[PDB]
């Protein structure tokens, strides 16, 4: 009687979800929102909108979509990379646990997917925005997948610089392209697509990220992670090309230690500085990429300041 009646009412209604339940699942996400950098991504979307011209509130939704995807991808990335810190603050999984952090990050990817339907009610356009969203999230995961595979199967595969760049086009290029492609699709206005420029921005951003992780130290957490970062990939291929067997193996040994020992981390930085000159090689490489934009007098890529502060 009463039990069957309560069951019948339950199965005939939509699943129950409260604002309190929403606050509970949002805790790991709210924690990363404390991290700085929002001002900066906001600025890049604003500046690109000088070309695209989306109306303010449509731009607001693109921005929210991008923020959810970026933050969620970093919450998961930190679990994948066993990262203890992100922008100087403790990572969410060390506070709320890996289980809630993964579930919340995933939930926010689906909340971002839902916000796409609010960019437009035109069916054909909507289909195109969801396809952009789906394609670039697929690319991001393919790229992350390779980054993780090389790291976790090392020394099975040592990537070449070309392989690394293709991984970055997928991994870091994904959200850069997603944000821009959504904006170019919604533009009510503009010229050649800016996807090439934004691919270049993504490459520069990732090589700089990998470089600064080591250069600031010289926490160099990337060494503890065992990551096949741009300078590491240069150093492994360089020692291999030169027949520098012992040095090649010592770089591999230190990466495989997954060490937090400052003195050992410093020894790998010494190899990269004195033996392969990989940090200077990387500095020069980022400069060359940046100059491709600085000297784009014919605006083949462009439609300064952002590019220089790209790391934040």
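Positions refer to the first chain, counted from 1. Under this definition, the rigid core comprises the largest set of C-alpha atoms superposing within 1.5 Å between the forms.
Greater C-alpha displacement in 9 other deposited structures of this protein (rigid core superposition, RMS over structures and residues), of 81-89 versus 142-150: 81-89.
Across the other entries compared, none leave residue 111 without coordinates where the residues on each side are present, so it is far from a third.
Across the other entries compared, none leave residue 202 without coordinates where the residues on each side are present, so it is far from a third. The deposited sequence places 1 to 3 unmodelled residues between residue 189 and residue 190. The entry models residue 218 and residue 219 with a gap of 4 to 9 deposited residues left without coordinates.
Between 179-187 and 205-213, the higher mean Cα B-factor belongs to 179-187. The stretch with the higher mean CA B factor, choosing between 141-149 and 160-168, is 160-168. Out of 54, 252, 65, 268, the entry records its largest CA B-factor for 54. Reading the B-factor column for the CA atoms of 70, 283, 27, 35 in the entry, the top value corresponds to 35. Among the modelled residues of the chain, residue 258 sits in the lowest third by CA temperature factor in this PDB entry. Among the modelled residues of the chain, residue 237 sits in the middle third by CA temperature factor in this PDB entry. Compared with the other modelled residues of the chain, the Cα B-factor recorded for residue 108 ranks in the lowest third. Among the modelled residues of its chain, residue 129 has a C-alpha B-factor that falls in the middle third according to the deposited record.
When the CA B factors of the chain's modelled residues are split into thirds, the value for residue 229 lands in the lowest one.
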